[PDB]
Structures are given as structure tokens and as C-alpha cells.
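Asks: Build the 3D model from these lines:
(chains A, B, C, D, E, F and G, ligands or ions: 16)
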Amino acid sequence: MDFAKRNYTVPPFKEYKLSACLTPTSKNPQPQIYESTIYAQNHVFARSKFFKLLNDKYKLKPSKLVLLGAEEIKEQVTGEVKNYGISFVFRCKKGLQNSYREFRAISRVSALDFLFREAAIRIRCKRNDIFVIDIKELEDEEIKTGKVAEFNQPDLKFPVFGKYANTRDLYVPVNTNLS
Amino acid sequence: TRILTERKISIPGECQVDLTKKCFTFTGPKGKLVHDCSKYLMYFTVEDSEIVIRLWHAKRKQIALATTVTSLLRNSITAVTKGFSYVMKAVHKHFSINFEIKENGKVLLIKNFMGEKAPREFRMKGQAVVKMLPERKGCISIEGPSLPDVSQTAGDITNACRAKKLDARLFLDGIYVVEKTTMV
Amino acid sequence: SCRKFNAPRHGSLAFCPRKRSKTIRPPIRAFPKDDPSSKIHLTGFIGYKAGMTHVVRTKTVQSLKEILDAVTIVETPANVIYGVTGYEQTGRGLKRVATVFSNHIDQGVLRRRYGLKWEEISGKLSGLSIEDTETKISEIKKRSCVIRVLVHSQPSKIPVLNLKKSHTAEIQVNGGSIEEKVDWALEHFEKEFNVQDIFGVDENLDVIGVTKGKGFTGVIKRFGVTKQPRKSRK
Amino acid sequence: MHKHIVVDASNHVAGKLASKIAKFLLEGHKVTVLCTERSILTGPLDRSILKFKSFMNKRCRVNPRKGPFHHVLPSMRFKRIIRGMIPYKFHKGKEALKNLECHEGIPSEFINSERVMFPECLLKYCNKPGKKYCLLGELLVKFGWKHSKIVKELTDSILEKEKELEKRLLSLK
Amino acid sequence: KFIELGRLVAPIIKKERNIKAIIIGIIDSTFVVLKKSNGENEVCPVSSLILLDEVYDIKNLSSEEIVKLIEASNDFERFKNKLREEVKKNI
RNA sequence: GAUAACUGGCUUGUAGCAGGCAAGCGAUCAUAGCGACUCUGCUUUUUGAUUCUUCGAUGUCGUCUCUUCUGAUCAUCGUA
RNA sequence: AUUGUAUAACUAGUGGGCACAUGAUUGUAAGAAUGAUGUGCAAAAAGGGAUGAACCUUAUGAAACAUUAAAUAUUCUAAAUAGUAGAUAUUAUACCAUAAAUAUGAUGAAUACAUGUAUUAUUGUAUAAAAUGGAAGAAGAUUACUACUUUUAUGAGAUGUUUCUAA
Ligand SMILES: [Mg+2]
Ligand SMILES: [Mg+2]
Ligand SMILES: [Mg+2]
Ligand SMILES: [Mg+2]
Ligand SMILES: [Mg+2]
Ligand SMILES: [Mg+2]
Ligand SMILES: [Mg+2]
Ligand SMILES: [Mg+2]
Ligand SMILES: [Mg+2]
Ligand SMILES: [Mg+2]
Ligand SMILES: [Mg+2]
Ligand SMILES: [Mg+2]
Ligand SMILES: [Mg+2]
Ligand SMILES: [Mg+2]
Ligand SMILES: [Mg+2]
Ligand SMILES: [Mg+2]
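Replies: Numbers count the residues shown, from 1 in each chain, chains lettered A, B, ... in the order given. Ligands and ions are numbered 1, 2, ... in the order given. Shown next is the structure:
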């Protein structure tokens, strides 16, 4: 975070692999184990999100559950930009909807945060309302959007319109060039 | 919203064009025009006998302006090479109309329109003139170097010489444009 | 509730507030436009009101008529020129440049500038040199756009008025050229001009004066308000 | 430590420039403004007429002499903007307003003196590019400014014309 | 000057520009990927940078080779240098 | 003023002024001009419902004189 | 969890109440009338909502120094015009000081079909009329408006550290 003003390479959301089961009893010792991956900020926030998902597909109350083990997954980044396509379900005022987007980033932790920036304008909802199904790396000839297909072509050159001042002072004399 | 947009305009050899920063100057045989292009947020480069206009990262409301400013500057090239000519012929019913020209084609005077006593005056715009035509005996031709001065003046006569307060589907008296050709 | 019937208001709001004027000879606020093609001529005069009679005249329309009209008479002796000013155009507006007077000034203007003991103050003062006036007329010719002259009247030729203070005024000069206007006005120092030079017959004028006085008045004579009924108290 | 500063007001936003000056006065400096008829007001020309037309409606109904005054000149209009930032009623604000002076165009005294600009208020570096705007003195012609033509001529001509050592080191040591 | 792979960049302010970086890849119209001198990869918008006039070729290089192309006076010594220009204006 | 007759305040049943949809009239043609059965509003200009302020006092109806303000414009001005 | 618990004797004031949150009965409706559970004002300080009996932080002797809460950081006014993007309409308030049925536009949004026709989500304008000269608190703002994240700082008899007074 030297040049930028916010951390865009390591966002607050991370990736956690979770697993849990039921507490043993007399009628049923050694019950079934489950596993998943949820994206959150700590393991405590990821514990609360995962236990609610287990309430809906099965009748397992979270008061009877026990957390087995949760570890974090990091990726050895090289630095090449890749293509990603995210499918998700978001909650709005009228009901639930499901959509699909395509992005371009360095890693799937970073490509998730580019979705939250776009969703702040087009959808206008809190970040806890989007449920992410899967993130996958897209190869060529699966790109369904012209925006990714325009930037994927090699040897790009385009200039920049200059509009930023190079001095953090109150006043300068007239004819000093802010280049 | 595409990345790069581009337009090209081919100039002739007799029309000379030179440009300073965001301002154009056209000099040819049949007159002179100057054009100000500083208001638009675009790039202007003069190549070998052609004008190139480029524009990066525009939206849909900005793409449509690239064609319009092209066709506006395209008209000013041919206008200095060839002047314009607009022929307007007056139609009448039971009354007659007289055309009077004063101070070398700057003032057009219209009399006896539907038998009214007060005559009408019309001034001409910048860089334009009016002449009579003795051959076709019922029309005049507005000839000028520049197009928007000519096309504005012909519209001024048509709107000001219509009849109001009466049924316009029956009376049918006015001045109407016949053809729009160049001077040569 | 609303007013029952409609009626216009009494009096004019263009003249509110009503106060007495500060002087007996008011200045002129506006002067007509100048054209550089026409000749050099003055624009004003100073007179004294005398009386009122009537004349008759004819008008044809064919047969003639007899119309009876009432006229008024203004007695005007000559006026003398004794100074030249100049104004320039700035960003704020008009600003004065200089003022050049003639050499010998009449004692009538000395009575106007210095009220009592005018013999004491005028004897002590002294005039400008040659070199001071040659700088001022040069700086008038280079910077000015509006040139006006100074004119004083001659009330001592009418002994009925019992007046020896003479009224002064400023009169614009509308003429051809700015440099030509100053050279015309320097020639006319201490020389008079009559009323016949400026106005001819059939030329509409403007008149500037002060009305008669009537003192502390009521409401009816001031504005035009309808009286009350007879039955009313107070 | 208190400085005297001459400011060129051109190519500046009108409201944002008056914000930074009002803090610069409340620390006890002296400042002068030149060319106040060339400040910028954002938005279309059509809204900016509708805003000023609502300001010309407020007048006292009982006695209109003791009412809100409407100044026309671009110097005296710019002073009304800076007065809204300053507590002009108490003794603290009465002193800071005695160090302020604005002018129309460029007068004769300041041809050789330098000028400064504010980089937090210039239009190229404040806002997004490509929106409509208008000048200040362009607006006040329609409300009755008598002289906008002579100031343009005199300032532009001003803005056109400006566009034995080794022995002494050995001896003194 | 343009945006391309290998363009040298610097911070925007005229002070505090001591460290440089090289663009690795292009994300969008306003986002770029850099390589620092330490070796971490940072994602940063265009509006924090200024461009320099030098282009390198990085089509085939490894990680460490791009890091290759990236790369006190006291009060008494400031008494002499003031003295030297002091006499040059006195003459 | 723990409690009415008058002014003020919250409300709009009643009063006044507009809207949406279109069965039909208009010689055939829903919308030149009108519009049934139903549905949604605004204003404080009638009349009600309540009793927050005044009972050691705020002078009632109508008329006469005079000033100013609102648009939901009767003429006068410009368009369709 | 509580070092006390239990029992007697004598005596005053009060018996016109109101408000917020949750849920009800009558009434077209009301700052209307009448009940149910909890907490307040009455009888309660300081800080914030521009201003306000009841809203939000919060327990109490006289002072000094550091840390926060509620709320804010262009200027009045102590405290970074510290970031991504959209809005053209003189846009912008938790209680709180109003807006509807209805008709149509726009996105490098999504799905179905043949560059365009259908729906869905987000969003703009019309509908929108009053009595002295006007209220986002004001000047003014289009990067001082709206939506979503991370840091820094300012800021209460609150909470910590030291001195002193009360059975
Ligand atoms: Mg008609
Ligand atoms: Mg009279
Ligand atoms: Mg009596
Ligand atoms: Mg009562
Ligand atoms: Mg009364
Ligand atoms: Mg009704
Ligand atoms: Mg009374
Ligand atoms: Mg009384
Ligand atoms: Mg109307
Ligand atoms: Mg009590
Ligand atoms: Mg309090
Ligand atoms: Mg408030
Ligand atoms: Mg401050
Ligand atoms: Mg602090
Ligand atoms: Mg305490
Ligand atoms: Mg404390």
C-alpha cells in the first residue's frame, strides 16, 4: 500500500475451508462430517455463515453443532493477469435473483473485490447480502463479454489525460507547470 | 463503449488548411473561413493531406458527437472550394408580389403580399448575397461561401412570410425553396 | 377579506419622497448624443421668466380656422464663456482630467465663489503661469472624450431682480473633432453669444426649474383623497 | 511573519476560492484579488440565471430602503461571498475584513507585482472533465453591469506584453 | 507517451519520488499491476502515478531480472558552498 | 380557562378545485367537443368533530375610507 | 449471589398526571377518547440532534492530566477538499416537521428469442396550485449530492492516575 490509498491486492475478505459435525449422543455416536469453503474476514464470521447454510439443506440446529477445524488458504502469486467468471445470488428488495459476471484480476481473492465495487453502483446492497457460488479461471474461447475480449488482445497502447497536481502546497506562483 | 474511435477526412489540393492549437483556418479561391474547435474534448492531428480525429474511452453520448463534428468540418472544406445556391420561388393566388433589392444584395424588400400596405424588410447574414433571376421570372438565388449563413437566411423568409389568423390549408401563399445546388 | 370594489391609487410613487431641492439652479443630468459629422454648436442657455399673454393663429385642413393659444415670455440677455474642462473614460466611469480658466474673471463669479468678504479673498489669490496651462491643454487633447465649457450669466442688466451674484453652469459641446472642439472654445474666451445662435423657430426644448412653494399642507391637497361623510366625529 | 499576497482569480471556481481565503484572513495576513470578472461558475447558464433571479426578489415590504441590497459590480459581488464565511458582527470578524481588497480587472498599480494561484481550486484539477460552465462577468451583463467592454480591452493588452575570483577567495580566506 | 508493458513509473508528487516501478500487466482502463523494488506485486490505479520516458523489454525475463533493471553534508560543509556563490554575485 | 358562546392550532366526514381507464353520443368515427359503472389526489375559502392557550375582561354582524398580496385569468398581449 | 436476618412502636406527604417503544377497542380522521407490559419526565446534571420536558451516549463532593462513547472533519467551528463510481433535477434531515394512482426514457446489468423485439433488477423526469421578503441551520457546492469498504484525528459529573473534604 505504497502508491495506492487502499489495499487493493490483499482485500479484507479471505478464503477459509471449514468442517463440522454433530455432538455425539447415545442414540447416534460417530455422525456424518461435512466440508465447504466460505469467504469472510475471520473464522468467527465464517463460522456463523456456514452454520446457517447447514440449517437449510438439513435440519441441523447450530446449537447442537461442534466446529472441527478451520484453516486459511493462500496462493503463491506470480503476477500475471488472468480472466475470471463469477456466478452468484444476491438479495434485493423484491426477492432473490441470480446473475453472472466476468472480470480480470491477479487472484480470485482480488477478483472478488472487483465485484463488490461494481455491485455498489448497479445493485446498491450491503456486502453480506451477496452469496458467491463459485469462482473459476476461464480459458480462451469461453469469454462471453466484449469488455474482457477487448483487453485480451495483445500489444495495447493508449495514453492518459493528465489532471493531477504534483505539489502538496497551499499556493505556488503563476506559470509553474503542474505536469 | 469501445476503446479507440477514429475518423478520416480527405482534403483536395486547391483548398489549403492550416491549424494552430484547437483552431482551423480554411483559405481557398471562393472565400475564407475560420473554425473554433477548442470546445470539444478531442485530439486533432493533420497528416499528409488528411485530417484525423481520435478519441479514447468514450461513452455512447460521446461517440455520436464524433460523426457530427466530422460532417460539420467536412462541409466547410467544400464550401470554400464551391459556394452554395438556394433557389426560392414565390407562389401566389389572386395577388402579385414585387421583389426589390437594395444596397448590393444585403436587403430584400417584399411588397404587396396579399394586398397589404406595409412592406417587409429582411437583412442578410454574414458572407452572403441575393440576386434576381430574369430567366425563370419568379425566383431568386441566395449565393454565399458558407453553408449555415445561407441555410439560415432561407429559413427566415419562409417562416416570416406565412399567413396567420386564417385557414392555412386553403390560402396557400408563401415563398418556398425549390432546389439546393452548389454555385459550380 | 378582500376589497369590495376596484379603484386606482391616489398619487404617484415616482416622486416619493417629497423633499425640497438643495439648490435654486439644478444641474443637468443628461445631454444628447453627439455626431462627428455635424457642425460645432452649444446645447444650453440660462434665462429668467417674465410673464404670460396670448396670440391667435391659423390652420388649414378645405377651409381655414382661428385658434387661440397662450404663450409665455422669457427674458434672456447674453452669456459669456470663461472655462474649459474635460472628461475621460475609465473602468469605473467618467473621470475629470483638468480645468483651465481665462485670465480676467468678472466680479460676478467672484461673488458666487466667495459669499461675503469677497474683496479680501480675491485680492490675496494669484493665477497660473504660462507653463502650467501649456501642460494642461496638452493633457486634455490626448485623454478626453467629452468636452464641456463654463458659462456665467449677466443679471446686472435687469435692475428689477436686485441681483449681482451671477449663476454659473456647464454646457456640453457637440461637434466634429475632439481636437477641433478645444481650439474652438479657446477662441471664445470672454466673448458673448445670444439666444438666436442655438435655437430657431419650431424646435422643441426642455425646461428645468423649481416650483412654487405652498408650505405645510394637508392630505387632500397633497394627494387627492375623497372626504369623509358629514356625520363623522374627530 | 504575516505576508502580503496578490491573487490572480482567473480559472478558479468562485465558491471554493472564497473558502480558502477566509481562513487565510483569520490568521492575520493581507490579501488582494485581481480579475474577479473571470471566475467560473459550474452548471448550465440557465440554472444560474434562475438562482440570481430568486435573489432579486427579496426586499423589505414595509420600508424598502431598510432592506436587502443587491450589488451588481463583480468586485462588490465577490465581497458578499467572503462575508458569509466570516463572523462579521463581532470584533473578531470586524478586524479581518479590514485587510481585504478586490478590484475589477488589472489596475495600474499591479503591473509589476507577482501573482499566485491555488491548486485546490483550479478547474482542471478539481472536477471531472467535460461538463458545462460559465463565467461570472458574463452573467452580470444581463442584470445591468454598464461596462463590460472597456475592462476586456485594457487587461488583454497587459496580458499580451508579458507573454578575480580566486584572488578574493584567497585573500578573504 | 503511452501505457505499455515495461513503462517506468514514479509517484505523482515532485517530492517523495525516490522509488520506481515497472508495469507488468494491464487490468482495465484505470488499473495497472506493478513490480516494486522489494518484489511484491501491487495493484494501483493510474491516478497515483506519473510516467517516465523509458521502455524495457520483459517478454522473456524471470522474476529476479526485472528487479535488476529497477536500480551526507553537515553544517560546516554548507558554510563553504554558501561562501563560493556569495562572491560570484558580489563581483 | 378542571367547563361552553369569539380568534388561533391538529383533522377533512361536508365544501371547492383537479386527475387515471374507456361502455357509448357525435350521419360512418372512442379521445373536434362530451363521457356511464368504478378508482387516486390537493387547498383551508362553507359546515362539522375535539377542548391545547385566554373568565383579577384580547370590544360582536354589516357598511364607509385606504394600502398591499396569490393563481385556479373576465377582458387586453403572444402561439397551437 | 448475599454477613446479617427477623420482629415491634410512633408519624408525615399523596389520591387532576403526561410521553416514548410493542400490541389492541370506538371513530372517516385527529397533538381525539379509553384499557394491557416495560422505561422515563414530573423530582435528572454534562455532550449531541441549529433551536425543543419525554429522542441518542450516561450515575452523581472540589480540581489537574491521558483514553473513548453519541456525533462529526470546505468555512463560520476543534479535527485528512485522505478512495472507487454514478446522479442534470437550485438534488442533500432516524423520531421530524407529506406525496399517490398513472404515462414514458437511460445502462459497455441479466435471461429468452430473432444488430434488434420481450420480461427482471437499479435509476431519472412529468403528474406537483396561494396569500408580507426566504430557508439543506447559513454562505455556497456538480469531487461540500448519492451508494459501498479500510485507516488517521477531534470530542461528555463516562472510564483510568495523583492531592484534599464528609459517619
Ligand atoms: Mg388557428
Ligand atoms: Mg391637480
Ligand atoms: Mg357622533
Ligand atoms: Mg382547557
Ligand atoms: Mg378577534
Ligand atoms: Mg368531497
Ligand atoms: Mg386591543
Ligand atoms: Mg382592554
Ligand atoms: Mg398559470
Ligand atoms: Mg406537582
Ligand atoms: Mg440535556
Ligand atoms: Mg432539526
Ligand atoms: Mg479548523
Ligand atoms: Mg485525542
Ligand atoms: Mg465518575
Ligand atoms: Mg471524568
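Asks: What segments of chain D are helices?
Replies: For chain D, the helices defined by DSSP state H occupy D:14-25, D:45-55, D:74-82, D:91-96, D:123-126, D:150-161, D:165-172.
Asks: Reformat those helices as a markdown table; add mean neighbour count.
Replies: In short, each C-beta sits where N, CA and C put it, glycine included. Output for the helices of chain D, formatted as a markdown table (neighbours: other C-beta atoms under 10 Å in any protein chain shown):
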| stretch | mean neighbour count |
| --- | --- |
| helix D:14-25 | 18 |
| helix D:45-55 | 12 |
| helix D:74-82 | 18 |
| helix D:91-96 | 13 |
| helix D:123-126 | 15 |
| helix D:150-161 | 13 |
| helix D:165-172 | 10 |
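Asks: Mind checking these for the one nearest to chain E?
Replies: Chain E lies closest to helix D:165-172 among those, at 5.5 Å (C-beta to the nearest C-beta).
Asks: Show me what the closest one is packed against.
Replies: The contact analysis (3 or more C-beta pairs under 8 Å, 6 or more residues apart in numbering or on different chains; DSSP states H and E) places helix D:165-172 against helix E:77-90.
Asks: Counting by contacts, list what the helix it packs on packs against.
Replies: helix D:165-172.
Asks: that older thread, got CSV for the helices of chain D, with distance to residue A:104 too?
Replies: Below are the helices of chain D laid out as CSV (distance: least, C-beta to C-beta, whole Å):
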stretch, distance to residue A:104
helix D:14-25, 37
helix D:45-55, 40
helix D:74-82, 47
helix D:91-96, 54
helix D:123-126, 30
helix D:150-161, 49
helix D:165-172, 64
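Asks: Could you provide these in JSON lines, with additional columns for distance to RNA strand F?
Replies: Shown next, in JSON lines, are the helices of chain D (distance: least, C-beta to the nearest atom of the strand, whole Å):
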{"stretch": "helix D:14-25", "distance to RNA strand F": "30"}
{"stretch": "helix D:45-55", "distance to RNA strand F": "13"}
{"stretch": "helix D:74-82", "distance to RNA strand F": "25"}
{"stretch": "helix D:91-96", "distance to RNA strand F": "35"}
{"stretch": "helix D:123-126", "distance to RNA strand F": "37"}
{"stretch": "helix D:150-161", "distance to RNA strand F": "35"}
{"stretch": "helix D:165-172", "distance to RNA strand F": "83"}
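Asks: Please tell me how far whichever residue of chain E sits closest to chain C sits from chain A.
Replies: With C-beta to the nearest C-beta, the shortest gap between chain E and chain C falls at residue E:14, namely 39.0 Å. Per C-beta to the nearest C-beta, to the nearest Å, residue E:14 is found 5 Å from chain A.
Asks: ranges for the helices of chain A?
Replies: A:43-57, A:108-122, A:146-151.
Asks: Let me see the contact set for residue C:122.
Replies: Applying C-beta atoms under 8 Å, 6 or more residues apart in numbering or on different chains to residue C:122 gives the contacts C:107, C:110, C:114.
Asks: what about burial for the residues you listed, which qualify?
Replies: Among the contacts of residue C:122, those classed as buried by 16 or more other C-beta atoms under 10 Å in any protein chain shown are residue C:110.
Asks: which of the contacts of residue C:122 lies closest to residue B:175?
Replies: Each of these was scored against residue B:175 by C-beta to C-beta, and residue C:110 proved nearest at 74.1 Å.
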